[PDB]
């Protein structure tokens, strides 16, 4: 059994990564230029794109790749590090609003997780929570085309 999404840890921080097209992606503001652990020792990033807050490693063992959305919908679903699935309406290239706003702590440690279309394909990686007095009402995300172009 393989997973598309890996729960990840650094000393100071905790976040998610999403495998797509054979690459394991997450947010720069989590991993920096750090390497990924493997049973043969550290593996270096293949991609680092600070402009876009995006880094990629080679897909780890025990992982499955997500297919990118060709599907177009604006109905997205954000998956958290607890495997909650949060409905999000897409507004712009890289913006979407929660259908039911949540305390920001509910999104904590979930950046790098996937926004999925209705077919369960990849629309983008969850980048950042837009908060108002502690309530997350929308999210920034890295569109999946940014990944494709980076490649």
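Numbering follows the first chain given and starts at 1.
S.K.: Please work out which of 116-124 and 27-35 has the higher mean CA B-factor as recorded in the PDB entry.
M.R.: On average, C-alpha B-factors are higher across 27-35.
S.K.: Quick one: classify residue 44 as lowest, middle or highest third of the chain based on its Cα B-factor.
M.R.: Ranked within chain, residue 44 CA B lands in the middle tercile.
S.K.: Looking at the entry's B-factor column for C-alpha atoms only, identify whether residue 9 ranks in the lowest, middle or highest third of its chain.
M.R.: Tercile = highest for this residue's CA B-factor.
S.K.: By the record's CA B-factor, is residue 96 among the lowest, middle or highest third of residues in the chain?
M.R.: For residue 96, whose C-alpha B-factor we compare with every modelled residue in the chain, the answer is the middle third.
S.K.: Going by what the PDB entry lists, where does residue 21 fall on CA B-factor within its chain: lowest, middle or highest third?
M.R.: Ranked within chain, residue 21 CA B lands in the middle tercile.
S.K.: How does the C-alpha B factor of residue 87 compare with the rest of the chain: lowest, middle or highest third?
M.R.: Its C-alpha B-factor belongs to the lowest third of this chain's values.
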